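Asker: My questions all concern the structure below.
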Number of protein chains: 2
Amino acid sequence: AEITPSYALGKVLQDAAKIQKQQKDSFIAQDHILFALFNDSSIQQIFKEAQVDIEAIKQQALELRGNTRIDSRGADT
Amino acid sequence: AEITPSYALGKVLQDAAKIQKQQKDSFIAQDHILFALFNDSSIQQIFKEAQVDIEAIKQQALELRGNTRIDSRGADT
């Protein structure tokens, strides 16, 4: 079970670096790994299950707290 | 003269706007414009002088400024 990093998912290892700093921060966070997941992790379908879309995450990433995390410390978002 | 961005390049100024979040910045600096230049500013060909997209700039922006360079001044560096 889950014996693989699954770069298909695990590109976010790099790919999540998108919004980590752009909150004026250090490293990647929950929304912020998720931020790259709207690219990566999503159910993009007839009813597309992919969530707050272009800014709205980053928006709401800022719009909720924002600068939401720094490094490793405190529950991620 | 100086009429048109060369849309192949034209995106790059707006593509320059892309990295302020992973460069962890509110504003888009001279490292960031070049950051987008990593595509059309290049020779990407049989003999490729590309511009290194992610790897080298970041950690050498970890060398050169960081989040440290939030932005909102003019351009000094």
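By convention in this document, the chains of the structure tokens carry letters A, B, ... by their order, each chain's residues are numbered from 1, and ligands are numbered from 1 in the order they are shown.
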Quick check: residues of chain A within 10 Å of chain B, only C-alpha atoms, returned as a PDB file with C-alpha atoms, in the first residue's frame.

Answerer:
ATOM      1  CA  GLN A  14       8.672  20.310  -6.775  1.00  0.00           C
ATOM      2  CA  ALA A  16       3.958  22.877  -4.938  1.00  0.00           C
ATOM      3  CA  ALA A  17       6.697  25.530  -4.811  1.00  0.00           C
ATOM      4  CA  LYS A  18       4.250  27.843  -6.670  1.00  0.00           C
ATOM      5  CA  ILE A  19       2.614  29.815  -3.898  1.00  0.00           C
ATOM      6  CA  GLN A  20       4.876  28.921  -0.951  1.00  0.00           C
ATOM      7  CA  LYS A  21       6.769  32.244  -0.956  1.00  0.00           C
ATOM      8  CA  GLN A  22       4.099  34.335  -2.699  1.00  0.00           C
ATOM      9  CA  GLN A  23       2.260  34.755   0.629  1.00  0.00           C
ATOM     10  CA  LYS A  24       5.547  36.425   1.670  1.00  0.00           C
ATOM     11  CA  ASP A  25       6.724  33.187   3.281  1.00  0.00           C
ATOM     12  CA  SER A  26       9.382  30.456   3.248  1.00  0.00           C
ATOM     13  CA  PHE A  27       8.106  26.976   2.281  1.00  0.00           C
ATOM     14  CA  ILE A  28       5.020  25.141   0.997  1.00  0.00           C
ATOM     15  CA  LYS A  58      -4.183  32.079  -3.658  1.00  0.00           C
ATOM     16  CA  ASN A  67       1.348  34.350   4.957  1.00  0.00           C
TER      17      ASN A  67
END

Asker: Excluding residue 37 in chain A and its own-chain neighbours fewer than 5 positions away, which residues fall within 12 Å of it when counting only C-alpha atoms? Please give them as a ChimeraX atom specification.

Answerer: /A:8-19,29-32,42-44,49-54,57

Asker: How would chain A read as a PDB file with C-alpha atoms, in the first residue's frame after a least-squares superposition onto chain B over every Cα atom, matched in order?

Answerer:
ATOM      1  CA  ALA A   1      11.784  50.461 -33.896  1.00  0.00           C
ATOM      2  CA  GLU A   2      10.248  48.199 -31.194  1.00  0.00           C
ATOM      3  CA  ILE A   3       6.798  49.619 -31.835  1.00  0.00           C
ATOM      4  CA  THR A   4       5.182  46.383 -30.592  1.00  0.00           C
ATOM      5  CA  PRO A   5       4.786  44.799 -27.152  1.00  0.00           C
ATOM      6  CA  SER A   6       5.409  41.520 -29.000  1.00  0.00           C
ATOM      7  CA  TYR A   7       3.237  39.131 -27.011  1.00  0.00           C
ATOM      8  CA  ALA A   8       5.536  36.426 -28.363  1.00  0.00           C
ATOM      9  CA  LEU A   9       7.924  38.109 -25.973  1.00  0.00           C
ATOM     10  CA  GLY A  10       5.130  39.983 -24.149  1.00  0.00           C
ATOM     11  CA  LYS A  11       3.338  36.966 -22.717  1.00  0.00           C
ATOM     12  CA  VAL A  12       5.833  37.491 -19.902  1.00  0.00           C
ATOM     13  CA  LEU A  13       3.600  40.445 -19.080  1.00  0.00           C
ATOM     14  CA  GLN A  14       1.536  37.651 -17.633  1.00  0.00           C
ATOM     15  CA  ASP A  15       4.069  34.833 -17.884  1.00  0.00           C
ATOM     16  CA  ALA A  16       6.636  36.341 -15.524  1.00  0.00           C
ATOM     17  CA  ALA A  17       4.194  35.997 -12.613  1.00  0.00           C
ATOM     18  CA  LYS A  18       5.794  32.562 -11.952  1.00  0.00           C
ATOM     19  CA  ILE A  19       8.390  33.287  -9.309  1.00  0.00           C
ATOM     20  CA  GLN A  20       7.397  36.832  -8.282  1.00  0.00           C
ATOM     21  CA  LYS A  21       5.699  35.775  -5.022  1.00  0.00           C
ATOM     22  CA  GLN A  22       7.545  32.474  -4.545  1.00  0.00           C
ATOM     23  CA  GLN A  23      10.513  34.356  -3.035  1.00  0.00           C
ATOM     24  CA  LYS A  24       7.893  35.414  -0.447  1.00  0.00           C
ATOM     25  CA  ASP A  25       7.359  38.703  -2.280  1.00  0.00           C
ATOM     26  CA  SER A  26       4.841  40.890  -4.124  1.00  0.00           C
ATOM     27  CA  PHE A  27       5.598  41.439  -7.839  1.00  0.00           C
ATOM     28  CA  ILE A  28       7.937  40.332 -10.639  1.00  0.00           C
ATOM     29  CA  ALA A  29      11.664  40.999 -10.769  1.00  0.00           C
ATOM     30  CA  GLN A  30      14.651  40.889 -13.117  1.00  0.00           C
ATOM     31  CA  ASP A  31      15.673  37.294 -12.560  1.00  0.00           C
ATOM     32  CA  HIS A  32      11.980  36.663 -12.157  1.00  0.00           C
ATOM     33  CA  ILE A  33      10.809  38.029 -15.456  1.00  0.00           C
ATOM     34  CA  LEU A  34      13.910  36.231 -16.703  1.00  0.00           C
ATOM     35  CA  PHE A  35      12.691  33.239 -14.755  1.00  0.00           C
ATOM     36  CA  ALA A  36       9.838  32.845 -17.231  1.00  0.00           C
ATOM     37  CA  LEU A  37      12.304  33.701 -19.988  1.00  0.00           C
ATOM     38  CA  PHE A  38      14.085  30.351 -19.772  1.00  0.00           C
ATOM     39  CA  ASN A  39      10.713  29.330 -21.091  1.00  0.00           C
ATOM     40  CA  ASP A  40      10.438  32.475 -23.235  1.00  0.00           C
ATOM     41  CA  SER A  41      13.702  34.365 -23.758  1.00  0.00           C
ATOM     42  CA  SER A  42      16.567  32.019 -24.538  1.00  0.00           C
ATOM     43  CA  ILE A  43      18.559  30.682 -27.415  1.00  0.00           C
ATOM     44  CA  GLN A  44      17.604  27.035 -27.162  1.00  0.00           C
ATOM     45  CA  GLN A  45      19.774  25.327 -29.706  1.00  0.00           C
ATOM     46  CA  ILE A  46      22.458  22.722 -30.430  1.00  0.00           C
ATOM     47  CA  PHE A  47      24.340  24.552 -27.761  1.00  0.00           C
ATOM     48  CA  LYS A  48      21.227  25.592 -25.919  1.00  0.00           C
ATOM     49  CA  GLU A  49      21.653  29.121 -24.725  1.00  0.00           C
ATOM     50  CA  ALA A  50      19.090  29.066 -21.956  1.00  0.00           C
ATOM     51  CA  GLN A  51      20.238  29.520 -18.455  1.00  0.00           C
ATOM     52  CA  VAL A  52      20.031  28.283 -14.979  1.00  0.00           C
ATOM     53  CA  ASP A  53      17.575  25.651 -15.753  1.00  0.00           C
ATOM     54  CA  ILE A  54      14.863  24.193 -13.525  1.00  0.00           C
ATOM     55  CA  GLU A  55      15.484  25.299  -9.944  1.00  0.00           C
ATOM     56  CA  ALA A  56      18.863  26.879 -10.516  1.00  0.00           C
ATOM     57  CA  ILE A  57      17.498  30.321 -11.299  1.00  0.00           C
ATOM     58  CA  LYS A  58      14.810  30.175  -8.612  1.00  0.00           C
ATOM     59  CA  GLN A  59      17.491  28.400  -6.635  1.00  0.00           C
ATOM     60  CA  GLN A  60      19.988  31.146  -7.307  1.00  0.00           C
ATOM     61  CA  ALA A  61      17.097  33.604  -7.188  1.00  0.00           C
ATOM     62  CA  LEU A  62      16.857  32.504  -3.583  1.00  0.00           C
ATOM     63  CA  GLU A  63      20.524  31.536  -3.390  1.00  0.00           C
ATOM     64  CA  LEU A  64      21.406  35.139  -4.200  1.00  0.00           C
ATOM     65  CA  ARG A  65      19.472  37.220  -1.732  1.00  0.00           C
ATOM     66  CA  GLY A  66      16.040  35.967  -2.663  1.00  0.00           C
ATOM     67  CA  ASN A  67      12.989  37.752  -1.595  1.00  0.00           C
ATOM     68  CA  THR A  68      15.085  39.870  -3.917  1.00  0.00           C
ATOM     69  CA  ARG A  69      12.455  42.540  -4.586  1.00  0.00           C
ATOM     70  CA  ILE A  70       8.975  43.634  -3.565  1.00  0.00           C
ATOM     71  CA  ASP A  71       7.475  46.334  -5.767  1.00  0.00           C
ATOM     72  CA  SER A  72       9.085  48.582  -8.315  1.00  0.00           C
ATOM     73  CA  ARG A  73      11.607  49.936  -5.805  1.00  0.00           C
ATOM     74  CA  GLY A  74      15.365  49.485  -5.966  1.00  0.00           C
ATOM     75  CA  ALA A  75      17.388  48.201  -8.875  1.00  0.00           C
ATOM     76  CA  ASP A  76      15.693  45.044 -10.002  1.00  0.00           C
ATOM     77  CA  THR A  77      17.899  42.318  -8.615  1.00  0.00           C
TER      78      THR A  77
END
